[PDB]
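One rule links them: number in full-length UniProt numbering = place in the sequence shown (from 1) + 5.
A virtual CB, placed ideally from N, CA and C, is assigned to each residue, including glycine.
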Amino acid sequence: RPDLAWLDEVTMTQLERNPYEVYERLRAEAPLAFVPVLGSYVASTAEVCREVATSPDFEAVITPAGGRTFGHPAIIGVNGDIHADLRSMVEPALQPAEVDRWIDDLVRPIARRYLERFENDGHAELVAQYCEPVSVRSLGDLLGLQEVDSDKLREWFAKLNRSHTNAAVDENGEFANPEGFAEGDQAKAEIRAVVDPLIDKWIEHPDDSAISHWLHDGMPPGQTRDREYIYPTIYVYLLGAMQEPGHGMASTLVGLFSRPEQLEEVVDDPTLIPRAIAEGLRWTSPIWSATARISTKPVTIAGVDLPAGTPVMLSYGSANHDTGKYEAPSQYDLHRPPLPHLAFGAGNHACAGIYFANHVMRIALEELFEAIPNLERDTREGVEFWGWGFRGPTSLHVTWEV
Ligand code: HEM
Ligand SMILES: COc1cccc(OC)c1O
């Protein structure tokens, strides 16, 4: 596009380090715009992301690097009857009434277990010592991966993150860094080595684990879903479902530390934690630009005539800084009005795990502030955020008087 010639000089590294400056230009200049290094149109404003995600003239598509990472049928990348079946597969344990029966007994002992390892130290790095472990241990136990250690689940989602976001394409539209998928292939091979025996056992001996229910629920007598049919959704879980609740927790904490009067309010009044988290997700969206839709008919959007078959990446993290919608969106503010946000997406492909995720983050922050009410951020350690497809703080050093 002529007036966006400057986009040809945007780099993958620039977007990973801090996408907000480029996307501030995009929201003003071109809410729907082809980004050469990404090889795709991207939607950057709230109105366009919401329109594309809910439009009857669009359906899900996996991003190019997403397809190389997850293959088929990834729940995020399919539609029609397959999507309907995969949604019916994952939804039972995620139903709000079901989550409310057991979420507290799942997450709160886990949060306590990780807290007891450092709560008397006076210093911690909360991303690696608390947020990521609670997130992966909670989901891992729900899925049936009790025996897979939290360090391993963390390693897997980091490798899958890097593979899914290995998006750079060169002048010819080919992947610029094909070698960057090798780590994802290696993660998937390890995952298979660990998970295949569990599937073998669940096929014959179903139990209460969520993956056993993926094999068996809704199937005729003695039949199970083929493992090749469910594995891409297992991988999808082992990236975002494992990664995002820890990142949303951590970003919420960074935001509250940026507004010390608000941190104090939340510590004194934990009923404010859910509002704190919602603002945290808007302020640094954990799934920032990981998913996409493709047009099924010609459409006109934000002044652009798109042919049928055109992918559009949904940069929800940018939409959540839309200044048409928010005042001073780059500032964390607990008392912002409770406007809709797009950090869980929208439409038939919106997040299936919202209620579960919100409770995991809530219970983790409740127990953190009960154990360490006098938490303070270590201000010499700058909080670095990293990532374009998925974004969060790389570490969160904190201190407190023991
Ligand atoms: C704070 C944590 C989380 C955030 C911010 C988040 C956000 C998202 C987003 C942005 C998408 C894509 C939506 C779209 O393209 O419109 C998504 C999809 C999805 N998420 Fe969540 N997620 C979180 C945690 C979880 C967890 C813990 C689970 C599972 C227990 C989960 C299950 C899913 C599923 C199954 C999908 C695909 C839905 C589909 O394509 O039909 N999420 N999530
Ligand atoms: C691109 O990868 C993903 C996108 C959205 C949700 C995911 O996990 C639930 C996920 O793993």
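Closest by CA to residue i, which one among the options?
i           : options                           : result
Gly387      : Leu401, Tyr242, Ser214 and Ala35  : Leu401
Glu34       : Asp8, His364 and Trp405           : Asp8
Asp338      : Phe262, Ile196 and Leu165         : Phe262
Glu406      : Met247, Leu120, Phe75 and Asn125  : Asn125
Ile292      : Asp105, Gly253 and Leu131         : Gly253
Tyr331      : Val241, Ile108, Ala351 and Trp288 : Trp288
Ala181      : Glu188, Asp274, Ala172 and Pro225 : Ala172
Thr238      : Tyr119, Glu179, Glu96 and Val259  : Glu96
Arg6        : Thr16, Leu31 and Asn23            : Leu31
residue 411 : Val272, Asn177 and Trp161         : This structure gives no information on residue 411, because the portion of the chain shown stretches from 6 to 407.
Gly251      : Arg396, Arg122, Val53 and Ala48   : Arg396
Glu269      : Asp86, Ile377 and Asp201          : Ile377
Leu43       : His354, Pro226, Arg341 and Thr170 : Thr170
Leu158      : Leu319, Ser168, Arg142 and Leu147 : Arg142
Hey, residue i and residue j: beta-carbon distance below 8 Å or not?
i      : j      : result
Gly145 : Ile216 : no
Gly322 : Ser290 : yes
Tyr46  : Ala58  : no
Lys302 : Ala313 : yes
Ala324 : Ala51  : yes
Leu220 : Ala192 : no
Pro36  : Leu12  : no
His364 : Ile108 : yes
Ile81  : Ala98  : no
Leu120 : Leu373 : yes
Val271 : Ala283 : no
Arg382 : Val403 : yes
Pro78  : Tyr234 : yes
According to DSSP, is residue i helix, strand or coil?
i      : result
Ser294 : coil
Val304 : strand
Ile377 : coil
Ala48  : strand
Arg106 : helix
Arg396 : coil
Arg73  : helix
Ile87  : helix
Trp391 : strand
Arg92  : helix
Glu124 : coil
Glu64  : strand
Can you give, in chain order, each stretch of the beta strand (DSSP E) that sits fully within the stretch 306 to 331 and has at least 3 residues? The qualifying runs are 309 to 311 and 316 to 319.
Please give me, in chain order, every unbroken run of the alpha helix (DSSP H) with length at least 4 that falls completely inside the stretch 8 to 43. 17 to 22 and 25 to 34
Every unbroken alpha helix (DSSP H) inside the stretch 165 to 228 [4 residues or more]: 187 to 209 and 215 to 221
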